[PDB]
Every structure is written in C-alpha cells, then in structure tokens.
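Visitor: Before I ask anything, let me first share the structure, which is written out below as structure tokens.
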Amino acid sequence: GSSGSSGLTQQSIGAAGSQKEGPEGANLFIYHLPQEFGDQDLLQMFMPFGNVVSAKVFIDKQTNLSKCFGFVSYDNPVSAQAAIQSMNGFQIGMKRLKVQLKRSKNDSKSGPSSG
Numbered sequence: 289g290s291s292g293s294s295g296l297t298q299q300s301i302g303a304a305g306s307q308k309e310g311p312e313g314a315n316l317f318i319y320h321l322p323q324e325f326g327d328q329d330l331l332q333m334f335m336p337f338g339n340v341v342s343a344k345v346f347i348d349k350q351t352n353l354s355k356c357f358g359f360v361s362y363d364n365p366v367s368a369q370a371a372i373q374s375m376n377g378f379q380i381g382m383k384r385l386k387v388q389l390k391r392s393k394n395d396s397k398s399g400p401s402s403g
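In structure tokens form, the structure reads like this:
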C-alpha cells in the first residue's frame, strides 16, 4: 500500500503532497534533490526550521521518477528564510542543494534588488 502507479489518495490536505501556501515570502522552491526523495522526505528535511504548511516533490510523467526539484511553504516568512539560510548550499552525496523564494510578477517594485 502507501502509494499508487496511476494516482494517489486525498491525503494531500496535510503538508506532504500538498499545493497550498502561507503568507507572501513564506514560499520556497528547492532544487538538486536526490532521485529517491519524495514529498515526506522533503517535509522531514524542512520541519527543523519551523511550522511547514506544505511540502511537495514534482514527478516526471514518462518515468514516474522525481524531477530533482520541489516546493515548501511555512506559516511565517521567518521560518522560511531560516530554511533558505540553512539548506541553500547543503551537500547531499556528491552535489549541493539550492533553495530560493517563489518567483512571480511585481508592480510596487522593479525587481528583487539583489542576486
């Protein structure tokens, strides 16, 4: 049990497998993940930095493998910024993770002002 070859259960109302998000700036995208990491492995990796609202790993529809990237979101922006400052550059085997804020449109400002 615990997984399907053609779908999944309605249990994505929790954190792992979920696609909700918290307040603006509490929303993270994570890259260079292991091919064995699922939505619960990304959740357990990001729990140490505060109250996680959602955690997700994206899946390739031709192989059913993870795309080596995911999403995470918190109840507060400070819990999220603490995860960027702890996990961006984290070595896992022979490579390093990258973590960034959610990219989107802007109008009250011309860009992120740093990079």
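Taking this note's numbering, the leading residue of the sequence shown gets 289, the next gets one more, and so forth.
Cβ coordinates follow ideal geometry from the N, Cα and C atoms, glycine included.
Determine the closest residue to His320 out of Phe334, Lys344 and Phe357, with distance taken between C-alpha atoms.
Guide: Here residue 320 is taken as the residue at index 32 of the sequence shown, counted from 1. Measuring from the Cα of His320, the nearest candidate turns out to be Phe357.
Visitor: Let's see if you can read the secondary structure: which residues bound the beta strand (DSSP E) around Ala343?
Guide: For this step, residue 343 is matched to residue 55 along the sequence shown. Segment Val340 to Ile347, the beta strand (DSSP E) holding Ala343.
Visitor: What separation, rounded to the nearest whole angstrom, lies between the Cα atoms of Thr351 and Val341?
Guide: Within the sequence shown, numbered from 1, the residue matching residue 351 stands at position 63. Within the sequence shown, numbered from 1, the residue matching residue 341 stands at position 53. One Cα belongs to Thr351, the other to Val341, and the distance between them is close to 28 Å.
Visitor: Could you check how far apart the C-beta atoms of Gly310 and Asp363 are, in whole angstroms? I think they sit under 8 Å.
Guide: As a working note, residue 310 is residue 22 in the sequence shown. As a working note, residue 363 is residue 75 in the sequence shown. Contact between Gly310 and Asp363 is confirmed by a C-beta separation of about 5 Å, below the 8 Å threshold.
Visitor: Span of the alpha helix (DSSP H) holding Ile301?
Guide: Sequence index remark: in the sequence shown, residue 301 carries index 13 (1-based). Run containing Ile301: none; DSSP gives neither H nor E here.
Visitor: Alpha carbon to alpha carbon, what distance is there between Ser306 and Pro400?
Guide: To locate residue 400, count along the sequence shown from 1; it is residue 112. To locate residue 306, count along the sequence shown from 1; it is residue 18. If you take the alpha carbons of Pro400 and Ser306, they lie about 27 Å apart.
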